[PDB]
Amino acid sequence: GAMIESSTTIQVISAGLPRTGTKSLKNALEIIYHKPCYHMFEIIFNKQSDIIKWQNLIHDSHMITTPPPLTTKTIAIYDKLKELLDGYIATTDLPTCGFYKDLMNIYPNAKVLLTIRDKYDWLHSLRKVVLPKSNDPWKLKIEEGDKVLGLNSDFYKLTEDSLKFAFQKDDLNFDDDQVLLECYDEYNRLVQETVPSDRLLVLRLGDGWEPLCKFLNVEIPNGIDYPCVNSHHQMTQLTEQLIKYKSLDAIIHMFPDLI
């Protein structure tokens, strides 16, 4: 097709939870739009100073009133969301995903995606990467790799608090598998009920380019397979390699599409 000049503003809001293909989707949107897409990895590798800004936004989020109409204090929070997202064309992953309903109002011309997968596969992936059980020794290896990246308790609070925000729950027993499975199902159901159908595309993990591209009115990138990155196995290798080399820059060339 023809080449058109696309606006550098949030055009796609992805409500999918972590471990539902968000990093692949991030990569795919960057291939389509040639501008950056937000993701937790943006925070980790490019913008660690934004950790505190997101935590502040989550803390004050109780002041939001579901619009319409727009109250004054909702606007103060909405304005900070826009600043954090300046220069990006899309959002995925924590901490943004729980803000999907507010992002729809801030960016009324944006389309909304929901990525879903088998709930047990999701839980098992989350346990290996994001939220191991308290008694799991792997939790200590994840912590040791995070130190190499400059991440500490503040980053852990943002991860946990942004999941609590997405699930709308302060008393979340992160060690309880049944609790997390119920929150996952209820979250995904609630997105489908909140977003107008003309604005929403529900994607199952592994669907590939075609439905996404039709939804966005763009051509399929020629000669490019749909990204497949960020498996729990690859996340395990990253953690092990960070612990071994004690720096990111010594190993970054080994993860070309992930990082």
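All residue numbers refer to positions in the sequence shown, first residue = 1. So that the term is clear: the rigid core is the largest set of C-alpha atoms that superpose within 1.5 Å between two forms.
- Taking the rigid core as the alignment reference, the C-alpha atoms of 164-172 lie farther on average from the displayed form in 5 other deposited structures of this protein than those of the other stretch among 164-172 and 183-191.
- Gaps at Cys228 occur in none of the other compared entries of the protein that contain both adjacent residues, all of which model it rather than a third dropping it.
- Among other compared entries that model residues flanking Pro68, a third or more give it no coordinates.
- Annotation for 119-127 versus 152-160: the higher mean temperature factor (C-alpha) is found in 152-160.
- Note on 24-32 vs 207-215: mean CA B-factor is higher in 207-215.
- Out of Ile77, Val112, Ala166, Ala90, the entry records its largest CA B-factor for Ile77.
- Looking at the C-alpha B-factors along this chain, the one for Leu84 belongs to the highest third.
- Per the deposited record, the Cα B-factor of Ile142 falls in the lowest third when ranked against the other modelled residues of its chain.
- When the modelled residues of the chain are ordered by C-alpha B-factor, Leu172 sits in the highest third.
- Per the PDB record, residue ranking by Cα B-factor puts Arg199 in the highest third of the chain.
- Among the modelled residues of its chain, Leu70 has a C-alpha B-factor that falls in the highest third according to the deposited record.
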